[PDB]
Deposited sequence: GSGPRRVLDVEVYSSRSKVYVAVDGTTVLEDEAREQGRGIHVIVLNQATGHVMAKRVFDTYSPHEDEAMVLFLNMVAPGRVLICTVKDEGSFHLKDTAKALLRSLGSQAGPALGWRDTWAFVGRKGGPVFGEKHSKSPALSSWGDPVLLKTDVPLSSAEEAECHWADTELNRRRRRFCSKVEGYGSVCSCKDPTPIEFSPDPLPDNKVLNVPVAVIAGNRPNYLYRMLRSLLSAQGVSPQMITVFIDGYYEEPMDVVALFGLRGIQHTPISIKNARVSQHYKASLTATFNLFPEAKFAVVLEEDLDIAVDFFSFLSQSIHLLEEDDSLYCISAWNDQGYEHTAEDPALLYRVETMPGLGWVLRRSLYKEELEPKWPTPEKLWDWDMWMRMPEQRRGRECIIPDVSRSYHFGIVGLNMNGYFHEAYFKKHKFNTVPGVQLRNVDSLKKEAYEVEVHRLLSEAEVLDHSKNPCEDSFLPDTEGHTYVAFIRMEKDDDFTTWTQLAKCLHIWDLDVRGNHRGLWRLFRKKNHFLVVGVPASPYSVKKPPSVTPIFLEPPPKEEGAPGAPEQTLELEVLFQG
């Protein structure tokens, strides 16, 4: 029939009511400033999104404009100001509100109150406004009460061909708003992907555990890239959500994936750690014959050859018990220090960020001693500790096959890279390969300054070696400072194998050895005195 809509704009309180149900109320004293936005379905009046943009603060207006362009035309838009929404409201945002039929939106001023109910693409249903009389005053509070007539059930839905991909789309698009082209009537965005297959895929029956919280926009972005990776089996993917939030799971449903909701046992990083334990146990129970599990976080972009990389390297894990894991992530692999998308390293850490867990390691070693919910310990910090890692290493690529967007790291886009010399990553073979690399490496002059380009001969394709001061296995004094000035990862030590770091500078491979601590101190000529840097 007709919706009776109330929208209240005020210095200290904002609310919206639909047919007597208050679907928004905010009186918080330090939160909720700015332009609140509620989007209704124009045939039922259910809310499909709630937002608030603090346009008193810089750049929040751009986020508002963006969200609004992602709302399908036809939906009821509801705007109400709390306290102040004009100071950083730029002209682009004012222009869009004008385009939606608002007259007082585009002229909004300091501490004005403003309430608006309009359908995207006209007409407007109602508007109220109060101008502040003084810089130290607010506009009078303002209550807009208006009827919005409901659309037919048919005029509110896109009419797509009844492919039942499009049923999944419609189930999503009639509930959730703000996702843009995935719900556009003409030219909808694919929610199904045809990634090139992966011949002889040794990762085919390995479950993918997607670790998710309450950031459905992140999940949406990650899932698309995962499902675009050559070699994905969608039915092997399980999205584990820590909590019963609907919108993350509607996103799971949109792609037709399996999702598990989990009651959080809190708090802080203890809550995250217990979610990981719950998810890894569930993964191995859902797949009782699985020998490994891929662990992915919702804030990663998955490289197109992610499963190609895993498939070529997985046999290292089953064949070499001194390996802890395979990770897609190279902590030191920035765009200027990574180059070869086919090169692999061994590192004495556990990088996470797209990694492979051996079942036996989890069921036999890690699960029985997993930190109890009382410990505020990071799960990954805990697995890197000595009694968990027990000396083992992880396989990483020089060019990462994941990208962390969770808010300049090198991210591989080349399809189907054949990895070079995989079997020389086994424990003994890698040592031979390290020796063979240093016997061929051109020692640099160490009277130069390592932090500046002139330290390496302007060339490409060469492999160079430097030696730095490392008195004990604990002693990363020079390395840490070197890392800073090479503008690489610097905060904790990553990238070391028995006192060797491997990198690239100016497209030359660049070995670093800490002497005398490293067993590779042997390959240093006596003429050379190791470099030393200090804060």
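Residues 1-5, 413-427, 556-578 of the deposited sequence, counted from 1, carry no C-alpha coordinates in the model.
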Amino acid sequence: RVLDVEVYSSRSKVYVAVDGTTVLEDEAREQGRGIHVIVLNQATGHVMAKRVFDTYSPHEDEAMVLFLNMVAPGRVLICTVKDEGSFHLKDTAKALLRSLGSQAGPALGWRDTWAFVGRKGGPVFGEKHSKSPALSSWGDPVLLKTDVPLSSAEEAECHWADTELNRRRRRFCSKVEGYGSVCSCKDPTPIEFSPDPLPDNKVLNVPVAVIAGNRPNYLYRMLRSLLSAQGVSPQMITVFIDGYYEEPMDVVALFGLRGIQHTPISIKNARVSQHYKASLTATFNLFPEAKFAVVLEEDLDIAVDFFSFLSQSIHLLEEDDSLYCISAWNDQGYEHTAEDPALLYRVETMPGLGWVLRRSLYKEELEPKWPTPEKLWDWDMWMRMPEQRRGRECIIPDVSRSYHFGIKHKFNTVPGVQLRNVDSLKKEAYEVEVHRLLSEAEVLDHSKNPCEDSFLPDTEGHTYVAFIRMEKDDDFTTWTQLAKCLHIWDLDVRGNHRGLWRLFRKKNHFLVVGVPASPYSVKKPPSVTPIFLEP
From here on, numbers count along this sequence of modelled residues.
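Looking at 181-189 and 131-139 together, the entry lists the larger mean B-factor for 181-189, computed on C-alpha atoms.
Higher average CA B factor: 153-161, of the stretches 153-161 and 410-418.
Across the options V294, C451, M350, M249, the residue with the most elevated CA B-factor in the record is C451. Comparing C-alpha B-factors across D380, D91, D305, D301 in the deposited entry, the largest value falls on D91. Among all modelled residues in this chain, the alpha-carbon of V65 has a temperature factor (C-alpha) in the middle third.
Among all modelled residues in its chain, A342 ranks in the middle third by Cα B-factor. Among the modelled residues of its chain, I396 has a C-alpha B-factor that falls in the middle third, as given in the PDB entry.
When the modelled residues of the chain are ordered by C-alpha B-factor, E335 sits in the highest third. Residue-level temperature factors show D54 in the lowest third of its chain, judged at the C-alpha atom.
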